[PDB]
Amino acid sequence: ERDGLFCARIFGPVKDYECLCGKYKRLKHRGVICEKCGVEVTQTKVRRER
Amino acid sequence: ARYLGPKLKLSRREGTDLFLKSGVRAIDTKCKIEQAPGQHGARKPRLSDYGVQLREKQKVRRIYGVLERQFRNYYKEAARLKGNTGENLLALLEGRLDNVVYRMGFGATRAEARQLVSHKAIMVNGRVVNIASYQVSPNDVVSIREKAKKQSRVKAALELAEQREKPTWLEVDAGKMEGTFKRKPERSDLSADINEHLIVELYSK
Amino acid sequence: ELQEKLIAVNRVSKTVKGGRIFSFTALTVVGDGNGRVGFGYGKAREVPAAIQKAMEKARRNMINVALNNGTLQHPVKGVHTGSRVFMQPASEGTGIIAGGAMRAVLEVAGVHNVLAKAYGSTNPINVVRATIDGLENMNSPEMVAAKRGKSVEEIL
RNA sequence: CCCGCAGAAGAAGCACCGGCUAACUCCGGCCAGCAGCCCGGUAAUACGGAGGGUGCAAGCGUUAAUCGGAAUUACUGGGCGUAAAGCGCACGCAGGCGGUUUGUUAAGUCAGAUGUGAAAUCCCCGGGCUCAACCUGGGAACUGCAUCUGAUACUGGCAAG
RNA sequence: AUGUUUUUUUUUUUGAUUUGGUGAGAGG
DNA sequence: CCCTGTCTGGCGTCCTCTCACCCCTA
DNA sequence: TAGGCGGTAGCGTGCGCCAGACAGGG
C-alpha cells in the first residue's frame, strides 16, 4: 500500500527489473523510471538499502 | 470531428496504455489490454515496416485525440520550424490547450479536459478560450473560471493528477485552480516510448 | 546488444528429373547501432533454417563505418552490379529517408538521419551490398587529415 | 460579442480488409460477379451477404486532369560488343573544340556600387480576429537586365614568339 | 518429311538454481 | 560534604535434534 | 469480516553478584 511501511515508490520494486505498473520488464533499454507507479525499474536488492 | 467510440479498444489495438481512461481502476482489470480487439485478437503476426510506422502514428494521434488532417497540419508546421522535427511536433501537440489542462489535472482524461475547454470552463490569461487546439504560449496562465470552479469533477481530476506524476514544464495551484505554462517541454520531459521518428518517416514517404 | 533484421526471403527453384526442388534464400543484416554492420545471405530447404544461416553469416565478416554523431560525414555513392545508391547526411530529426533493403541496413548501422535514394536496380541483395560499399568507402575528417598530413582544423 | 433557460437533449457516415496495402472469419459454383496491376469450375480471407476489423470523417468514395514516383529524353542525371542504339567507308564547307611562351586588351568571367526587377503571392520575424484558416507591419527574395568603377587566373580578341 | 498441336494444381517465425521464529523434550 | 544505604542497571556455556503453536468473539 | 490487561479490580510472589550512581543521615 502506497505509501505505508512496505512501499514501492519509497523503497523500490518487489520484483527484479519489473516495475509495479507493468510498463517495463527490461534491463537492456533500462535507466528510464516508470510514470504510472513511478517505480524506477531496477533491482530488488535496492529494497535492502533504501 | 471526434472519436466517440470505445477507448480501451484503441488502447488494445495499440498495445500500450494510452491513458484514455481516468486511472482510478487499472487498465488490465477493465479490458484484455494484451489482446487485440475483435474476433481475431489472439493471433498476432509480425507487422510490416509501413505498418509499424502507421501504428506509431495512430498511437500518438489517439493519445492526444486529434484527427488526421490536423496532425498533418501539426507535422507540416513542425517541419517548417527550426530544430528537430519530431520534437517540434511533440511540443506542438503538448501545447494544445486541452492537453495542457489535462496535465494540470483539471480533467481526469484528456477527453474530459477537451470537454471542459469546449464548455467555456477554461480561461487563458483571463480570457475564455474555447478551442481545444489552442496553442498555449510560455508564461501563459490558464485557469478555471469562477462558474466552473464549483464542479466536483474538477477536484476529482486534480486528485487523480496528484496521484500521477507532476510535469516539470508547468506549475499548477490546486487551491487557486490556475497553472502557468512556464515553457514548452523538452523531449526528455515527455514519454520515451513514443517513436516520433517513425511518424516523421511516415509522412516523409 | 546486436540488432538483426531479415530484409527479405525468397523462394528459388532447381529443376530435376522428377520436378522442381524448392528452397529459400534469406537476406539479413546485423549491426550494433554503431559503425559496425554486416549482411548475410543464407539458403536452405526450409525458411527458418535459411534465416538462421543468414544471421550466422552476417555475424561474421562485419564492417566498421565512421559515423559523425547520428548521420554521415558527407554525401556518398555506392554501387553493386545494378543497384546504384546515393545517400546524404542530414540534420537531426529528419530520420532515415530511404527505401527498402537500404533502409534496413542503415537502421542497424545506427545512422538515424539520412536522405537516400536507390537509383538503378533495387534488387535487395545488390542494393544492400551497394549500401555497405558506400558506407565502407566513406572516410572521416580525422582519417582524411591523417591521409593528407594535416590537422583537423586545417581541413575544417 | 456577452448573459440567462432547459435538457444528453437535435447531430455519423463513406471506403476498404488476396499481395502491393492498414485491416479475417462464417454463410451463399469459370455461373452470377470482381478488377488499378498480378480471383470464381462445391471447403473462395479476391464474387454477394453477415459478424468482426482497418482507414478517413461531415465528409467518404469513383471518374477526369497535372506533376511525382519515372535517373522512363537522364542540364543537374542514362545509354549504344550480345538487351533499343556506331552512318558501309572516306573527304570536307558551316559549326564545335584547340599545343606552348611573352605582351596587351578586358568581350566572356569575377568583385563592388547604382538604377530597376509593380503590388499581391512564396519564405523569415512580428501583430490582429477566442484559435485557425483569414487579415496584416517590417524584412528577405524576385536567381534577371542595364550602367559605372575595379580584378586579369582562365576562355576569347589583337601583336610577337 | 514434320512439330510452341490440348493449355491445370504448395514462400516467414514464443520458458533453465528458490523459503521463518519463541518456548518443553534430547546426544556429548 | 562525607559517609552509607538503596536502587537499578548489567551479566549468567556450546553445538545439534525433536515436537506443538502462531486469534476467537462480536 | 474486523482489533490489542478486562474491567465497573488486580494480576505480580522460587536468582544472584557486582558496581556505580543517586540519595539519606548526620
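These residue numbers are counts, starting from 1, taken along the chain as shown.
According to its header, this structure was worked out by electron microscopy, 5.5 Å.
Placement of Cβ uses the backbone N, Cα and C atoms for every residue, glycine included.
Annotated features in Swiss-Prot:
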- A:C19, A:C21, A:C34, A:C37: Zn(2+) 1 binding site (BINDING)
Starting from the Cβ centroid of A:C19, A:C21, A:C34, A:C37, the recorded Zn(2+) 1 site, name every other residue in that chain with its Cβ within 8 Å, sequence order please.
A:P13, A:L20, A:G22, A:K23, A:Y24, A:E35, A:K36, A:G38, A:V39, A:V41
Candidate with the highest Cβ count within 10 Å, taken from the binding-site residues A:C19, A:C21, A:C37:
A:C19
Including all protein chains shown, what's the count of other C-beta atoms within 10 A of the C-beta of A:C34 (Zn(2+) 1 binding site)?
19
